[PDB]
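Remarks on the structure that follows.
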């Protein structure tokens with residue numbers, strides 16, 4: 001191909017193309033024109049080889065990828081600026097106006113709202129990164145410094161880690177994203193397609209779909225908030241409207257929120273020395289709350305009493321009763337145990 | 001059975017005073033491979049037994065079933 005086509009090869013080819021009495025000689029004037037044209041033609045061959053690659057969907061550049069995705073209607077992500085809140089410590093009554101820039105090392109951060117040291121609202125003010133990037137996502141407790149000294153301001157530190165700083169999307173990321181988009185398109189009523197739109201709601205984390213719950217075409221949408229806790233009613237409403245904005249033709253949609261199950265417990269236990277009823281009560285309730293957060297399936301009475309005895313301050317235990325029974329209690333779907341009654345006696 | 005045997009052996013190494021029947025069932029339920037248990041009897045009984053002087057607990061019979 002064009003790699004085979006070179007200065008020497010095309011030069012000899014052109015020399016053969018000419019039927020002339022002049023013997024071919026190095027440095028001849030006619031040889032000079034032929035050699036110059038062949039050099040520029042070889043350069044043009046290299047350019048053609050390059051525009052092979054530049055015309056492809058892959059191995060594009062910033063402008064090339066931009067044009068391709070604009071033809072596809074896709075747009076690359078420039079990233080987002082980091083956002084956090086810092087604390088200003090210094091002379092009381094000092095007013096830090098909006099637009100003030102605080103520098104941590106070489107990083108530059110700007111204060112959004114006015115903050116007064118010693119004010120009733122406090123000395124905490126949200127601070128946004130001047131530019132996008134992971135480097136702007138500063139951790140907690142960073143000693144920010146004013147670029148411009150302000151009288152009355154001494155120490156600037158963030159009580160929370162800076163977040164929201166996202167980097168510039170790379171070409172490969174956008175290429176793979178576009179390839180996935182073309183590969184997987186929105187369908188009418190696929191479980192994954194419908195569930196993804198529900199996943200866009202911030203409040204909910206886990207989404208489940210129960211089709212045929214009320215006959216053909218009937219879809220029962222099941223949602224789960226933070227660690228499968230029930231979200232607020234307004235969150236349910238906004239999720240319902242959102243999924244209706246993307247729902248297929250003629251579906252019946254019901255959003256189901258997780259339910260809590262109250263738990264009442266009672267036992268007659270012996271407490272270890274130096275420990276009171278309140279301490280063992282709080283420790284065991286925290287432990288059993290963790291267990292409820294991790295319990296899969298139904299309740300295990302033996303596991304409950306095991307976490308009870310393993311709790312510090314339990315000399316011995318007896319007469320353990322949960323919800324009026326000592327048997328294993330079945331947990332149904334969308335039901336999470338909730339600690340409500342703790343009847344502990346020594 | 002072997003895992004609970006090791007657990008009860010180290011507990012007896014660490015035990016003092018009396019064997020606690022609730023402690024026995026707690027160390028049995030916490031044992032790996034144990035889902036649910038019932039009718040746990042020590043020497044056929046459900047009561048704590050005092051470990052007297054110059055005396056140590058000794059495991060003799062292990063009866064576990066489903």
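Can you pull out every residue in segment A:283-295 that is in a helix (DSSP H, G or I) and either under 33 Å from the mean Cα position of the chain (by Cα) or at the interface with chain B (Cβ under 10 Å from one of its Cβ atoms) (or both)?
Correct list: A:285, A:286, A:287, A:288, A:289, A:290, A:291, A:292, A:293, A:294.
Among the residues of segment B:32-45, which ones are part of a loop (DSSP other than H, G, I, E, B), over 11 Å from the mean Cα position of the chain (by Cα) and more than 10 Å from chain A (Cβ to nearest Cβ)?
Those that are part of a loop (DSSP other than H, G, I, E, B), over 11 Å from the mean Cα position of the chain (by Cα) and more than 10 Å from chain A (Cβ to nearest Cβ): B:32, B:33, B:39, B:44.
Are any residues in segment A:296-312 part of a loop (DSSP other than H, G, I, E, B) and more than 21 Å from residue B:11 (Cα to Cα), and if so, which ones?
Selection gives A:296, A:297, A:298, A:299, A:300.
Can you tell me which of A:268, A:280 is part of a helix (DSSP H, G or I) and over 27 Å from the mean Cα position of the chain (by Cα)?
One residue alone meets the criteria, A:280.
Just one of the numbered conditions (1) farther than 26 Å from residue A:338 by Cα; (2) surrounded by 15 or more Cβ atoms within 10 Å (Cβ to Cβ) is not true of residue A:284; which one?
Looking at each condition in turn, residue A:284 falls short on (1).
Give the residue, chosen from A:119, A:161, that is surrounded by 12 or more Cβ atoms within 10 Å (Cβ to Cβ) and in contact (Cβ under 8 Å) with a residue 60 or more places away in the chain.
The match here is A:161.
Yes or no, residue by residue, for (1) out of contact with any helix residue (DSSP H, G or I) (no Cβ under 6 Å at 6 or more places or on another chain); (2) more than 13 Å from residue A:89 (Cα to Cα):
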site	(1), (2)
A:120	yes, yes
A:124	yes, no
A:130	yes, yes
A:135	yes, yes
A:143	yes, no
A:149	yes, yes
A:152	yes, no
A:159	yes, no
A:171	no, yes
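Pick from segment B:12-21 the residues that are in contact (Cβ under 8 Å) with a residue 12 or more places away in the chain and in a helix (DSSP H, G or I): which of them is nearest to residue A:296 (Cα to Cα)?
It comes out as B:21.
Would you check which residues across segment A:174-190 are surrounded by 11 or more Cβ atoms within 10 Å (Cβ to Cβ) and closer than 14 Å to residue A:57 by Cβ and list them?
Passing the criteria: A:174, A:175, A:176, A:177, A:178, A:179, A:181.
Being surrounded by 11 or more Cβ atoms within 10 Å (Cβ to Cβ) and without any contact (Cβ under 8 Å) to a residue 40 or more places away in the chain is true for just one of A:74, A:9. Which residue is that?
A:9
If you scan segment A:136-156, which residues turn out to be surrounded by fewer than 15 Cβ atoms within 10 Å (Cβ to Cβ) and farther than 19 Å from residue A:99 by Cβ?
If the condition is that a residue be surrounded by fewer than 15 Cβ atoms within 10 Å (Cβ to Cβ) and farther than 19 Å from residue A:99 by Cβ, then A:139, A:140, A:141, A:143, A:154, A:155 are the ones that fit.
Residues being under 17 Å from residue A:264 (Cβ atoms) and away from chain B (no Cβ under 13 Å): count how many of those fall in segment A:296-329.
5
Out of B:52, B:63, I need the residue that is in a loop (DSSP other than H, G, I, E, B), more than 14 Å from chain A (Cβ to nearest Cβ) and either within 24 Å of residue A:267 (Cα to Cα) or within 12 Å of the chain's Cα centre (by Cα) (or both). Which one?
Sole residue among the options that is in a loop (DSSP other than H, G, I, E, B), more than 14 Å from chain A (Cβ to nearest Cβ) and either within 24 Å of residue A:267 (Cα to Cα) or within 12 Å of the chain's Cα centre (by Cα) (or both): B:63.
Ideal geometry is used to build each Cβ from the backbone, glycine not excepted, and the neighbour counts take in all protein chains shown. Read-outs: derived from the displayed coordinates by stated rules, not from any lab.
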